[PDB]
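In the block that follows, a single chain appears as structure tokens, in the form deposited in one PDB entry.
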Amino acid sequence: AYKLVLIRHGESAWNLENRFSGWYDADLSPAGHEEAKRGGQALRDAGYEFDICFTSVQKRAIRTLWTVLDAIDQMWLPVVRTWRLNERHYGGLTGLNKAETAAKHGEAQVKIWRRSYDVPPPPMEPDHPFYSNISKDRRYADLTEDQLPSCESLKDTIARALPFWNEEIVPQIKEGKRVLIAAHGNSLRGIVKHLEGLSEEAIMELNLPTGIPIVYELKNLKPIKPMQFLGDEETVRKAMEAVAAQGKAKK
């Protein structure tokens, strides 16, 4: 009945520094730009067509979208940007590197934060070095004091992404529009959890590959089969083995 496509952006400049990004507006590295080019070419070779596109207000996802639309010769499509598809907000951890947080905040808190669906990191306070860069950026000036986060658990991120799905994306799908969504890991986890009916435990163990297009075949918007991946069979198998091993090593 309907076809939906998602794509997760690749490596950023702050991933090379092993630093928590969150709402900080870091750009793609050369490797992450290459990953977007490869996913665009896979869509081009298979003949995919879209009618409308959604992304966040962060340049690493917007530049991924731009690269895909260049590759498939569809730069003329309408594009809609929203803060509700941003990455999870990492609070006071924003800007710290990852071997430092265990010394700053303790091994017990690091374990809890990695394990839990509903425990937030510490808040970003006004003396934090990236407070003015993010909380006072004019792109968020139209948010209420309640909507602007100082920190987020996974449950929080999913709870602020799903109203945009429900209210803006679903009516385009029912109208027959072929939709493309270019966003981030945790905001796309929200959509996947809602579509497939996954548990909290399973969705915390699901890490999506980067730069690989994710395809859903859906009248009642229920998946006919689970997510499928577009690309060369061998390159896909290796990326999923890599992501699984990275997940297992963190426990």
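All residue numbers refer to positions in the sequence shown, first residue = 1. Only the largest set of C-alpha atoms that superpose within 1.5 Å between the two forms is called the rigid core.
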> How many residues sit between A202 and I203 in the deposited sequence but have no coordinates: none, 1 to 3, 4 to 9, or 10 or more?
Replying inline: none
>> Which is higher on mean Cα B factor in this entry, 123-131 or 86-94?
In response: 123-131
> For the stretches 158-166 and 114-122, which has the higher mean C-alpha B-factor as given in the deposited record?
Replying inline: 114-122
> Which has the highest CA B-factor per the PDB entry: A103, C151, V179, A71?
Replying inline: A103
> In terms of the CA temperature factor given in the entry, to which third of its chain does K193 belong: lowest, middle or highest?
Replying inline: middle
>> Splitting the chain's C-alpha B-factors into thirds, which one does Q228 fall into?
In response: middle
>> Splitting the chain's C-alpha B-factors into thirds, which one does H9 fall into?
In response: lowest
> Lowest, middle or highest third: where is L206 by Cα B-factor in its chain?
Replying inline: highest
>> Going by the CA temperature factor in the PDB record, which third of the chain does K219 belong to: lowest, middle or highest?
In response: highest
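Unshown form deposited in another entry; subsequent notes refer to it.
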> Which of the listed residues (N133, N166, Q109, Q147) moves its Cα by 2 Å or more between the shown form and the other one when the core is kept in place?
Replying inline: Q109
>> Can you confirm the direction of the Cα distance change for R115 and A26 in the other entry, closer or farther than in this form, given it is 3 Å or more?
In response: closer
>> At a change of 3 Å or more, would you call the C-alpha separation of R114 and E87 in the other entry closer or farther than in the form supplied?
In response: closer
